[PDB]
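*Asks:* For reference, the structure I am asking about is given below.
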Amino acid sequence: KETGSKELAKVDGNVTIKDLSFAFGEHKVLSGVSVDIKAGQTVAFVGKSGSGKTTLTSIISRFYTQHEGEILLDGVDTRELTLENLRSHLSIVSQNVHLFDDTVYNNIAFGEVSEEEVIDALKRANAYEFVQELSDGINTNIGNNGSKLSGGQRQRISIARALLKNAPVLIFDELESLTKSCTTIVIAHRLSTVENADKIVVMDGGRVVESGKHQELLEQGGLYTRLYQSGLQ
Ligand SMILES: Nc1ncnc2c1ncn2[C@@H]1O[C@H](COP(=O)(O)OP(=O)(O)O)[C@@H](O)[C@H]1O
C-alpha cells in the first residue's frame with residue numbers, strides 16, 4: 001500500500017508548492033513555503049546553510065513527507081501518484097543520490113540504452129575520465145550506495161543518468177544541456193546560476209522572504225544582495 005494509485009502518462013513539468021511546512025521534532029525547518037514553477041523554467045533556491053533547501057527538495061521526491069501543504073505536478077497532488085510514477089518524472093542530480101551495488105552501466109541504465117549511449121553520456125557528464133580508469137570500465141561494480149566513488153564522482157554518474165532519462169523535472173543540488181530543456185529546481189551555489197535563473201526563491205529559516213530575478217533582487221539591498229555578495233556560501 002501507498003497513498004496514491006494514479007499513473008500520469010505525460011507530464012509537462014509544472015510544479016506547484018503550496019503552504020508547505022515540515023519539522024524535525026520541534027525544529028520547524030520549513031514554514032508555509034509557496035512557489036509556482038511553470039514548465040520549462042529554471043528556479044534557483046538560495047539561502048544560508050540550514051534554511052531548509054535540501055529538505056524541501058527531498059520532500060518533492062517523497063524522501064520525507066510534509067506536515068502541511070502540497071506539491072502538485074501538472075496540478076495533481078504528488079501523494080495521489082504511485083511513487084514509481086512520480087519518480088519516473090524526476091531526475092535528481094546531487095552527491096547523495098541512491099546508487100545500487102551494481103555496475104556503472106546498470107546504475108545508469110536502471111529505470112533500454114546501448115553501451116555506446118552510456119559511454120557518450122559519461123563523457124558529456126565528464127565521468128568517463130574516472131570510469132575509464134576503473135578495472136572493468138563501465139562494467140565495474142561501484143559498491144554499496146556507490147561507496148567506491150566519492151561525492152563528486154557520484155554526482156557525475158547522476159548527471160549521465162539525467163542526460164539519458166530526459167525527465168520533465170530536474171532537481172539539481174549545485175548542465176546548460178538539460179537545465180535549459182526541462183523544468184529545473186536548483187539549489188544554487190554558483191553566481192552564474194542565479195544570474196541566469198528565470199526565478200530566484202530566497203529562503204531564510206524555512207521561510208520564503210524574497211522572490212524574483214537577479215537584477216531586481218540585487219538592487220533591493222536585502223537578503224539576496226547579501227547572499228550574492230558572500231558567494232552563495
Ligand atoms: N535528520 C535530521 N534530523 C534533525 N534535523 C535535521 C535533519 N536533517 C536536517 N536537519 C536540520 O534541518 C535544517 C534544514 O537543513 P537543510 O534542509 O539541509 O538546509 P539547507 O539545505 O538549506 O542547508 C537544519 O537546521 C538541519 O540541521
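By order of appearance in the C-alpha cells: chains A, B, ..., then residues from 1 within every chain, and ligands from 1 in the order shown.
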Determine which residues of stretch 67-233 of chain A DSSP labels as strand (DSSP E or B) from the backbone of this structure, then write them out as a PyMOL selection string.
*Replies:* chain A and resi 68-73+76-77+81+90-93+103+141+169-173+183-187+199-204+207-212
*Asks:* Can you write out the residues you just picked, keeping C-alpha atoms, as a CSV table (one decimal), in the first residue's frame?
*Replies:*
chain,number,residue,atom,x,y,z
A,68,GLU,CA,1.2,20.7,5.9
A,69,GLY,CA,0.7,21.9,2.3
A,70,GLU,CA,1.1,20.2,-1.1
A,71,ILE,CA,3.3,19.6,-4.0
A,72,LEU,CA,1.4,19.4,-7.4
A,73,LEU,CA,2.8,18.0,-10.6
A,76,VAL,CA,-2.1,16.7,-9.4
A,77,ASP,CA,-1.0,16.2,-5.7
A,81,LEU,CA,0.5,9.3,-7.7
A,90,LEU,CA,12.0,13.3,-11.8
A,91,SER,CA,15.8,13.3,-12.3
A,92,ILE,CA,17.9,14.1,-9.2
A,93,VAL,CA,21.5,15.4,-9.5
A,103,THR,CA,27.9,-1.7,-12.3
A,141,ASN,CA,30.9,-2.6,-9.6
A,169,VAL,CA,11.6,17.8,-13.9
A,170,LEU,CA,15.3,18.1,-12.8
A,171,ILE,CA,16.2,18.6,-9.1
A,172,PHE,CA,19.8,19.8,-9.1
A,173,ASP,CA,22.0,20.3,-6.0
A,183,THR,CA,11.9,22.3,-15.5
A,184,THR,CA,14.9,22.8,-13.2
A,185,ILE,CA,14.7,23.2,-9.5
A,186,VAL,CA,18.3,24.1,-8.5
A,187,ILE,CA,19.8,24.6,-5.1
A,199,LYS,CA,13.2,33.0,-10.9
A,200,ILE,CA,15.2,33.0,-7.6
A,201,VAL,CA,13.5,31.9,-4.3
A,202,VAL,CA,15.3,33.3,-1.3
A,203,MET,CA,14.9,31.1,1.9
A,204,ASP,CA,15.6,32.1,5.5
A,207,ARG,CA,10.5,30.8,5.0
A,208,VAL,CA,10.4,32.4,1.5
A,209,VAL,CA,11.4,36.0,2.2
A,210,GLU,CA,12.2,37.3,-1.3
A,211,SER,CA,11.5,36.1,-4.9
A,212,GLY,CA,12.2,37.4,-8.4
*Asks:* What's the 10 Å shell around residue A:215, counting only C-alpha atoms, without same-chain residues fewer than 6 positions away, as a PyMOL selection string?
*Replies:* chain A and resi 194-196+225
*Asks:* Using N, CA, C and O atoms, can you export the residues from the last selection as a compact mmCIF listing (two decimals), in the first residue's frame?
*Replies:*
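Writing the result to again_18.txt gives the following:
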# COMPACT_ATOMS: atom_id res chain seq x y z
N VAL A 194 22.39 31.87 -10.51
CA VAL A 194 21.39 32.87 -10.14
C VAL A 194 21.28 34.02 -11.13
O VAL A 194 20.20 34.52 -11.38
N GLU A 195 22.40 34.41 -11.72
CA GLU A 195 22.40 35.49 -12.73
C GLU A 195 21.53 35.15 -13.94
O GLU A 195 20.92 36.05 -14.53
N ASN A 196 21.41 33.88 -14.27
CA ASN A 196 20.62 33.46 -15.44
C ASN A 196 19.27 32.78 -15.15
O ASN A 196 18.52 32.37 -16.08
N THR A 225 20.93 40.20 -1.82
CA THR A 225 22.10 41.01 -2.07
C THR A 225 23.24 40.48 -1.21
O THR A 225 24.36 40.27 -1.71
*Asks:* Neighbours of ligand 1 at 6 Å or closer, counting only C-alpha atoms and all ligand atoms: which residues, as a list in words?
*Replies:* residues 24, 29, 49, 50, 51, 52, 53, 54 and 55 of chain A
*Asks:* Write out as a list in words all residues of stretch 14-100 of chain A that DSSP puts in alpha helix (DSSP H) for this structure's backbone.
*Replies:*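 Answer for stretch 14-100 of chain A restricted to alpha helix (DSSP H) is residues 53, 54, 55, 56, 57, 58, 59, 60, 83, 84, 85, 86, 87 and 88 of chain A.
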*Asks:* Those same residues - N, CA and C atoms - I'd like them written as a PDB file, in the first residue's frame.
*Replies:*
ATOM      1  N   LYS A  53      16.563  24.143   2.301  1.00  0.00           N
ATOM      2  CA  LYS A  53      16.608  23.912   0.844  1.00  0.00           C
ATOM      3  C   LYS A  53      16.655  22.416   0.460  1.00  0.00           C
ATOM      4  N   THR A  54      17.572  21.678   1.068  1.00  0.00           N
ATOM      5  CA  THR A  54      17.731  20.256   0.802  1.00  0.00           C
ATOM      6  C   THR A  54      16.463  19.508   1.216  1.00  0.00           C
ATOM      7  N   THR A  55      15.946  19.859   2.380  1.00  0.00           N
ATOM      8  CA  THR A  55      14.767  19.204   2.923  1.00  0.00           C
ATOM      9  C   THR A  55      13.586  19.435   2.001  1.00  0.00           C
ATOM     10  N   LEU A  56      13.444  20.657   1.482  1.00  0.00           N
ATOM     11  CA  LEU A  56      12.367  20.962   0.523  1.00  0.00           C
ATOM     12  C   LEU A  56      12.450  20.028  -0.703  1.00  0.00           C
ATOM     13  N   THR A  57      13.652  19.898  -1.261  1.00  0.00           N
ATOM     14  CA  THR A  57      13.827  19.100  -2.460  1.00  0.00           C
ATOM     15  C   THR A  57      13.587  17.646  -2.169  1.00  0.00           C
ATOM     16  N   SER A  58      13.975  17.185  -0.984  1.00  0.00           N
ATOM     17  CA  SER A  58      13.735  15.795  -0.597  1.00  0.00           C
ATOM     18  C   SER A  58      12.242  15.471  -0.515  1.00  0.00           C
ATOM     19  N   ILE A  59      11.476  16.423   0.039  1.00  0.00           N
ATOM     20  CA  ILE A  59      10.039  16.321   0.166  1.00  0.00           C
ATOM     21  C   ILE A  59       9.422  16.146  -1.228  1.00  0.00           C
ATOM     22  N   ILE A  60       9.952  16.825  -2.232  1.00  0.00           N
ATOM     23  CA  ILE A  60       9.422  16.645  -3.566  1.00  0.00           C
ATOM     24  C   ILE A  60       9.480  15.196  -4.053  1.00  0.00           C
ATOM     25  N   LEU A  83       4.476   6.031  -6.324  1.00  0.00           N
ATOM     26  CA  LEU A  83       5.847   6.506  -6.155  1.00  0.00           C
ATOM     27  C   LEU A  83       6.666   6.197  -7.397  1.00  0.00           C
ATOM     28  N   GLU A  84       6.444   5.033  -8.019  1.00  0.00           N
ATOM     29  CA  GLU A  84       7.158   4.721  -9.243  1.00  0.00           C
ATOM     30  C   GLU A  84       6.824   5.761 -10.301  1.00  0.00           C
ATOM     31  N   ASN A  85       5.557   6.149 -10.414  1.00  0.00           N
ATOM     32  CA  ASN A  85       5.182   7.120 -11.434  1.00  0.00           C
ATOM     33  C   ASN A  85       5.797   8.486 -11.146  1.00  0.00           C
ATOM     34  N   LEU A  86       5.623   8.936  -9.921  1.00  0.00           N
ATOM     35  CA  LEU A  86       6.172  10.213  -9.515  1.00  0.00           C
ATOM     36  C   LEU A  86       7.658  10.329  -9.879  1.00  0.00           C
ATOM     37  N   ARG A  87       8.431   9.348  -9.442  1.00  0.00           N
ATOM     38  CA  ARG A  87       9.857   9.359  -9.642  1.00  0.00           C
ATOM     39  C   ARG A  87      10.268   9.194 -11.082  1.00  0.00           C
ATOM     40  N   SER A  88       9.394   8.572 -11.885  1.00  0.00           N
ATOM     41  CA  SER A  88       9.646   8.440 -13.301  1.00  0.00           C
ATOM     42  C   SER A  88       9.714   9.826 -13.975  1.00  0.00           C
TER      43      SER A  88
END
*Asks:* Which of these residues is nearest to residue A:153, using only C-alpha atoms: A:113, A:179, A:99, A:197?
*Replies:*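 That would be A:99, the residue with the smallest distance to residue A:153.
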*Asks:* Any idea what's packed within 12 Å of residue A:75, counting only C-alpha atoms, ignoring anything in its chain fewer than 2 positions away? Could you give it as a CSV table (one decimal) with N, CA and C atoms, in the first residue's frame?
*Replies:*
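Saved file out05.csv follows:
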chain,number,residue,atom,x,y,z
A,8,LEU,N,0.3,9.2,-14.0
A,8,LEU,CA,0.3,10.2,-15.1
A,8,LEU,C,1.2,9.7,-16.3
A,11,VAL,N,3.8,14.2,-18.6
A,11,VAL,CA,4.0,15.3,-17.7
A,11,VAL,C,4.8,16.5,-18.4
A,12,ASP,N,4.2,17.7,-18.3
A,12,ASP,CA,4.8,18.8,-18.9
A,12,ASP,C,5.9,19.4,-18.0
A,13,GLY,N,5.7,19.4,-16.7
A,13,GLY,CA,6.7,19.9,-15.8
A,13,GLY,C,6.3,21.1,-14.9
A,14,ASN,N,5.1,21.4,-14.8
A,14,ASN,CA,4.6,22.4,-13.9
A,14,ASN,C,4.7,21.9,-12.5
A,15,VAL,N,5.3,22.6,-11.6
A,15,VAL,CA,5.4,22.1,-10.2
A,15,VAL,C,4.9,23.3,-9.3
A,16,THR,N,3.9,22.9,-8.5
A,16,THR,CA,3.3,23.9,-7.6
A,16,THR,C,3.6,23.5,-6.1
A,17,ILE,N,4.2,24.3,-5.4
A,17,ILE,CA,4.5,24.0,-3.9
A,17,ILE,C,3.5,25.1,-3.2
A,18,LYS,N,2.7,24.6,-2.3
A,18,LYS,CA,1.7,25.5,-1.6
A,18,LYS,C,1.7,25.2,-0.1
A,36,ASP,N,5.4,28.7,-7.4
A,36,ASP,CA,4.8,28.1,-8.5
A,36,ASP,C,5.8,28.1,-9.6
A,37,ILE,N,6.2,26.9,-10.1
A,37,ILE,CA,7.2,26.8,-11.2
A,37,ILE,C,6.5,26.4,-12.4
A,38,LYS,N,6.6,27.2,-13.5
A,38,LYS,CA,6.0,26.8,-14.7
A,38,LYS,C,6.9,25.9,-15.5
A,39,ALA,N,6.3,25.0,-16.3
A,39,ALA,CA,7.1,24.1,-17.1
A,39,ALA,C,8.2,24.8,-17.9
A,70,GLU,N,1.0,21.2,0.0
A,70,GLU,CA,1.1,20.2,-1.1
A,70,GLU,C,2.1,20.6,-2.1
A,71,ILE,N,2.4,19.5,-2.9
A,71,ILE,CA,3.3,19.6,-4.0
A,71,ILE,C,2.4,19.1,-5.2
A,72,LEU,N,2.2,19.9,-6.2
A,72,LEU,CA,1.4,19.4,-7.4
A,72,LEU,C,2.3,19.3,-8.6
A,73,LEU,N,2.1,18.2,-9.3
A,73,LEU,CA,2.8,18.0,-10.6
A,73,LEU,C,1.7,18.1,-11.7
A,77,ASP,N,-1.8,16.3,-7.0
A,77,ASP,CA,-1.0,16.2,-5.7
A,77,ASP,C,-0.1,15.0,-5.9
A,78,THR,N,1.2,15.2,-5.5
A,78,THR,CA,2.1,14.1,-5.7
A,78,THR,C,1.8,12.8,-4.9
A,79,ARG,N,1.1,13.0,-3.8
A,79,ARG,CA,0.7,11.9,-2.9
A,79,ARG,C,-0.4,11.0,-3.6
A,80,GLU,N,-1.1,11.6,-4.6
A,80,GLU,CA,-2.1,10.8,-5.3
A,80,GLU,C,-1.4,9.9,-6.4
A,81,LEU,N,-0.2,10.1,-6.7
A,81,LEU,CA,0.5,9.3,-7.7
A,81,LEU,C,1.2,8.1,-7.1
*Asks:* Considering only C-alpha atoms, state which residue in the set A:182, A:175, A:33, A:46 is at the smallest distance from residue A:224.
*Replies:*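 Answer, going by the shortest atom-to-atom distance: A:46.
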*Asks:* Between atom CA of residue A:188 and atom CA of residue A:151, what distance in Å does the model show, to one decimal?
*Replies:*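 Taking atom CA of residue A:188 and atom CA of residue A:151, their separation equals 17.2 Å.
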*Asks:* Calculate how many Å separate atom CA of residue A:154 from atom CA of residue A:23, rounding to one decimal.
*Replies:* 28.4 Å
